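Protein chains in written order, with the deposited numbering: chain A, 738 to 833, 844 to 885; chain B, 738 to 786; chain C, 296 to 368, 374 to 411, 413 to 496, 503 to 674, 685 to 688; chain D, 394 to 492; chain E, 1 to 35, 35A to 35B, 36 to 82, 82A to 82C, 83 to 100, 100A to 100K, 101 to 113; chain F, 17 to 66, 78 to 140, 151 to 173, 181 to 239, 261 to 295; chain G, 935 to 1032; chain H, 984 to 1032; chain I, 1 to 9, 11 to 27, 27A to 27C, 28 to 95, 95A to 95B, 96 to 106, 106A. Taking it in order: structure first as structure tokens, then the write-up.
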Amino acid sequence: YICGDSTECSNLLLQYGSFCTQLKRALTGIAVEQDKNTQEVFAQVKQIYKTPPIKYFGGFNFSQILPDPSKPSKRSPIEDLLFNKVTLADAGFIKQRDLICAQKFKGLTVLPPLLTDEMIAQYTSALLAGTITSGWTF
Amino acid sequence: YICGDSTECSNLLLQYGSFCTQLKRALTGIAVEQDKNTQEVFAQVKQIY
Amino acid sequence: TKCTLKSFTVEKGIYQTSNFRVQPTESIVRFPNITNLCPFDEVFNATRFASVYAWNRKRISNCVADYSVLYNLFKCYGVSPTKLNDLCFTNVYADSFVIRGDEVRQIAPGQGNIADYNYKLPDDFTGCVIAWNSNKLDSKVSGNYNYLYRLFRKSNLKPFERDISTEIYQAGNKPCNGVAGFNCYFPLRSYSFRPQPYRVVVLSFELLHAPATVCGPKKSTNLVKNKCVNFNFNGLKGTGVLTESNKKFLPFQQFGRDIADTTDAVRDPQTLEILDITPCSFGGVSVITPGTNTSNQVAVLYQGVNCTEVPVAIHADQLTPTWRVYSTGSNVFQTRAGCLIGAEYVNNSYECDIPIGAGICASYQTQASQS
Amino acid sequence: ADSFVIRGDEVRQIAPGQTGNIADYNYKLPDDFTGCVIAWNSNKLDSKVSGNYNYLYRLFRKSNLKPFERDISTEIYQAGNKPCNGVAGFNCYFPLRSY
Amino acid sequence: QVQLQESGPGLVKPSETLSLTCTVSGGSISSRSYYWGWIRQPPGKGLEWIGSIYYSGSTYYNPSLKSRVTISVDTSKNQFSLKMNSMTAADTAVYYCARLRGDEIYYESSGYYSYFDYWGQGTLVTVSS
Amino acid sequence: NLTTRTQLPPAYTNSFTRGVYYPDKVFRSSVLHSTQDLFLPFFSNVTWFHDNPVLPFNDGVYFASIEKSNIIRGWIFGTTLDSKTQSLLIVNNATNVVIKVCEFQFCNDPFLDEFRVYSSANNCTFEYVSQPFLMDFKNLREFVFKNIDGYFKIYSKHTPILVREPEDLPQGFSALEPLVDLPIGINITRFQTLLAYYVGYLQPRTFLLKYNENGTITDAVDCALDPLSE
Amino acid sequence: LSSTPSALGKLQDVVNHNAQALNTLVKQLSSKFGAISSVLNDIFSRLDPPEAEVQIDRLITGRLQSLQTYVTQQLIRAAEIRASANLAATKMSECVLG
Amino acid sequence: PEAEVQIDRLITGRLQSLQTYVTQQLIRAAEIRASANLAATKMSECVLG
Amino acid sequence: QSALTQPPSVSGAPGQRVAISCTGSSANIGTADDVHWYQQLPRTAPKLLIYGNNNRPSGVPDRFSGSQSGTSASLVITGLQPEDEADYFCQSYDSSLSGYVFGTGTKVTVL
């Protein structure tokens, strides 16, 4: 970001020294903090609960919040609607006219989260299955 | 604040880029945030009783 | 990891230690295939010259300059004289003239003679000049009857603006037409030297160019594509891969620019195709260790790269294709967090021990040996 | 305290990053130089109409100078692309000059 | 009275050295300060452009002739040379020297169009033999 | 030849969203570019003539002509129009264009019928005879004449229109592609034409230009024009 | 949620603030900070090291200030997102688990 | 060539003063945001019930 | 880059109108600029016959001209002469490549 990476400009950043390492430490702490935030919110259970195969709950229809197995995302219709209403601009993937993610060439990369969308959906599914089949007891 | 009342600084502050745009968006976000704070604290009734 | 943490013992976890970068392998330069040479004999040596107040232009265009022959006859502006020899442009504007000993520093981008009144050298001057002292060779009293000096006019002129009118000009309180008075003077007087004209050769170098016709004496090489190379397209230095753009350049356009103030694409000077300036692949380096109390075996995560853009063949990396001074590892696996080298991927799911990214975690488990 | 005798046209050319008769051909000052360069007029000791042929300099070089490097040679420099073939001709010079 | 004389040999093997010269017959029109080009036409085929030069430099080339061979103008002798060195098998053709249009004086302009007005007789070269 | 004609009072008209050219040679695409350059102000007063009055050149002139056929055949540029300073002459003579920078000596009312534009052309220093700039009251021609230090930049566009004949310089947008880049080192402060007629003057303003996928400008916004545009 | 596109605005503001901070950091790279050029390669190819050094020192101090500003805003926004995530985990435990 | 050398200095100092002010206002705005969230929670849980 | 579609031949009965055409892309002809038609008699140099989408050079007669409008350019020849039995070519200036593209040719045959 500071120097053009085809040059001896990098030989004068040693004159400042401990500054870039301080940003790399700080942004690493921010990234680990975001993964910790996702882990604290969604990993509230130690067991992945499932609904029974007969989805009858006394007349209460949970099909719009339970995951839809007929779709490859394994998400509810509401969750499939929520991911479509957010114009997401991350670049947490290996795959390389140009878009906004041509800012990677200036040294600005995006790290992918520790929990993928499928694992967060499975945590949500476990929480829903627990709170439907067991109340507050789980 | 930086140059003044009529000091010609369009050749001066424009050399540093969009920095005061960052200050203006930040202070605007702060102002909207306090209006949201007052709105969340006091406007919790749907009707004036 | 030890030198980053400043410790001889490393705790268990993943540590960001350095940055993975790729060396340029071929050092290429691309100039138009010209075989001409600059006739510097017409440049350095001549017998008659134009005046100090109305000088002319003997433009040496489309002639490949060499600056090692400069001292066969100095002050230099814009570019330091050690590196005019690698610049590339289209035309050379000659701006040569004659001077006086009290005018050796008055025709300049900075510092005050007749050139400020009748024909001027620009302040935004991007050329290099030659200071030749010719009293000891051309020994005479009057330089020429067309070489004259003056002190002031009523107004200064622009650079390369010509006005050589022989009339009294007024800086006083009244207009004058052939009338002497307060600041009504005609100070145009001819030179009379004492122990002898002096001469300056000026070669102005232009900007805002067409595709370049003149270059330095550097020999151009072949064009290398799809590899990280150190390139030079008509003075534009850099490092990156050179892929085909598929961009709709107009024929007068030589460079394409991205969001930032840099060049995204460049036209090749010889085969006239359009090449993308894409810097070669990079990423952060994360070192995965179980702790030096447990083991010295580590696994390395190269963040955000493919497994084809990374040194995999560790036995052939002493030729240094990468900025990484070493290359270790046995097993290579592709993760959305990056290409992971050193850890063997298994299909059994365990609790996360050392996080990597995108659902993949690393651990130091028994498989029977430890790995 | 390195000392030598130059011409008066290039007093200020004992400096890094300079081109000139003594700057790029015979003597070079380093970029990390700490110290001073002292020059004085020697007309009370060396005022001669003709040249002092014990104090000379080269006008041409084949390879670029190093800081604090001596370079003594009696070779004939070739300036043009045509080979000189021993005898100096057009764009081939004996580099050593004098006051 | 504008005529363009052309010269050049007509039979080489592949990987041989040849050159076409185009001279002005003596007319002041299409003599010195004009844009120039060469046109290649295979026998039994139509016209197709190969070479063009604009003032001193600014040369535009056909995609077949992009780096294939160079072109030159000696303005003083009214000589328009197109080199022909080591040609491929598809260059057996009739070649035409041609002026575009446009007189220009003392400078280097910038026009965004092109022409061909006066044409030489055409010289046949054979390379597939 | 000097010939007597009839003088008329001028008219005024609207400019709408018309008068935007390409500011630079760098090919930008699919972006929104903020530029600070010479432009015609939006919704300005463009002077409208039906004679050939001598008009100033206030640092770049937008010119437009709506006509059925070839009537306005060229332009005249200079500081003074006698044999004292150099001047520029552009004539679209039927099958060619002749562009001369000379000293010149014009009459009072130059026009095309025959050729009575001037009388002498001493010391010609630039000449250019080429494809005529004029192309195809249905015809509309737009030009921008921009005199930068060293260069005279002419930008052009040709459009078949079908609108009302008076007071109806049509709304819409059309970017003005560059036509010619004359390397003339002359001062230009005043211009004249050779025989609808529209002259607007450029001013240094800040524009937002929309570059599409083909590199062609399809929208231009002026912040100075309106707060919403700002 | 389908009829109102601004229902998910609290997440879209996070995405837009991150992308807008990165785009501001990219447009901020196209600035001179009082130097003669924002391109390092131009200053190295036109100026000698005693003057190219102070020009690039001006540019490098500009990029240092830009990066420190970006990381300060990221720390402040990370504190805000941490507070929101602690509230979300508290709401998960007290609304979903009971 | 000495004027804007000094003007760059003084602009840089005043711009750093503004950056310090905006950073501390953001930190204080986060503190007031936490206090206002606590006040809204206390209003909902103490006043409304 | 070129996209030049041109008929190979057309009936050339003398004293009768013959209309020929070539159509390219919207980058060289569709800019309404710099399209030329050339006449080539056999064993004869292909002289410039008409330029500027309709503009006639010196020596070229009347009733024999061009009618370009947009992407398609066309020549009208009213009253074909026995000396007009030749091959007609197009040439247009493109901005993406400036490859100076030519047509295949319309060889008129009299009958």
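Beta carbons are placed, not taken as given, at the ideal position from N, Cα and C, and that holds for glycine.
- Within the same chain, and ignoring the five residues on either side of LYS201 of chain F in sequence, the residues whose Cβ sits closer than 7 Å to its Cβ are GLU186, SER218, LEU220, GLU221.
- Residue burial is scored here from C-beta neighbours: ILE192 of chain F has fewer than 16 other C-beta atoms within 10 angstroms and is therefore classed as exposed.
- Between the segment 312-320 of chain C and the segment 11-25 of chain I, the count of C-beta pairs closer than 8 Å stays below three; the two stretches do not touch.
- The beta-carbon of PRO939 of chain G is placed less than 8 Å from the nearest beta-carbon of chain A.
- A Cβ-Cβ separation of about 12 Å leaves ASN159 of chain F out of contact with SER114 of chain F under the 8 Å criterion.
- The residue from C:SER511, C:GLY590, C:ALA567, C:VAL612 with its alpha-carbon nearest to that of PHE389 of chain C is C:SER511.
- In this structure, DSSP gives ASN533 of chain C a state outside helix and strand, which the three-state scheme calls coil.
- Among the CB atoms of chain I, one or more fall inside 8 Å of the CB of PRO558 of chain C.
- If you look at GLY649 of chain C, you'll find it isn't in any alpha helix (DSSP H); DSSP assigns it neither H nor E.
- Here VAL106 of chain I is exposed. Its C-beta has fewer than 16 other C-beta atoms within 10 Å.
- For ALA416 of chain D, no CB of chain C lies under 8 Å from its own CB, so it is not counted at the interface with that chain.
- When 9 Å is used as the limit between beta carbons, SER964 of chain G is near no residue of chain A, the shortest such separation being about 10 Å.
- A straight line joining the alpha-carbon of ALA408 of chain C with that of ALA953 of chain G spans about 49 Å.
- In the three-state reduction of the DSSP assignment, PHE187 of chain F falls in the strand class, which pools E and B.
- Beyond the five residues adjoining it in sequence on each side, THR271 of chain F comes within less than 8 Å, by CB distance, of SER50, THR51, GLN52, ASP287, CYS288, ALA289 in the same chain, given in chain order.
- In the DSSP annotation of this structure, the continuous segment of the beta strand (DSSP E) that includes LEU223 of chain F starts and ends at 221-226.
- Per DSSP, reduced to three states, the secondary structure at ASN975 of chain G is helical.
- Residues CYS134, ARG153 of the same chain have their beta carbon placed closer than 7 Å to that of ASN17 of chain F, with the five preceding and five following residues left out of the count.
- Going by C-alpha positions, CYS848 of chain A is about 16 Å away from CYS587 of chain C.
- For the 8 Å CB-CB criterion, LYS555 of chain C and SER94 of chain I form a contact.
- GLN89 of chain I sits in a strand when the DSSP states are folded into three classes.
- Taking all protein chains shown into account, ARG325 of chain C has 16 or more neighbouring C-beta atoms within 10 Å of its C-beta and is therefore buried.
- As a beta-bridge residue in DSSP terms, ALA88 of chain E pairs with E:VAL109.
- Fewer than three pairs of CB atoms, one per stretch, sit closer than 8 Å, so the segment 654-664 of chain C makes no contact with the segment 611-625 of chain C.
- Contact between the segment 476-487 of chain C and the segment 427-438 of chain C is absent: fewer than 3 CB-CB pairs across the two stretches fall below 8 Å.
- Distance from the Cα of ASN434 of chain D is smallest, within the candidate group D:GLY444, D:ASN414, D:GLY410, D:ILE399, for D:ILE399.
- Taking the CA atoms as reference points, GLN560 of chain C sits about 21 Å from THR68 of chain E.
- Nearest neighbour of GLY13 of chain I by Cα position, chosen from I:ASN53, I:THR76, I:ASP32, turns out to be I:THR76.
- The C-alpha of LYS197 of chain F is placed about 26 Å away from the C-alpha of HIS66 of chain F.
- When DSSP states are grouped into helix, strand and coil, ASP772 of chain B belongs to the helix group.
- For the pair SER100E of chain E and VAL224 of chain F, the CB atoms are nearer than the 8 Å cut-off.
- In the DSSP assignment, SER1000 of chain G falls within the alpha helix (DSSP H) that extends over 983-1025.
- In its chain, beyond the 5 residues on either side, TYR36, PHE98, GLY99, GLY101 have a beta carbon closer than 6 Å to the beta carbon of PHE87 of chain I.
- The residues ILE802, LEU803, in chain order, have a CB closer than 7 Å to that of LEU875 of chain A in the same chain once the five nearest residues on each side in sequence are set aside.
- Pairing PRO860 of chain A with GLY829 of chain A gives a Cβ-Cβ distance under 8 Å.
- Contact between the segment 849-858 of chain A and the segment 959-968 of chain G is present: three or more C-beta pairs spanning the two stretches fall below 8 Å.
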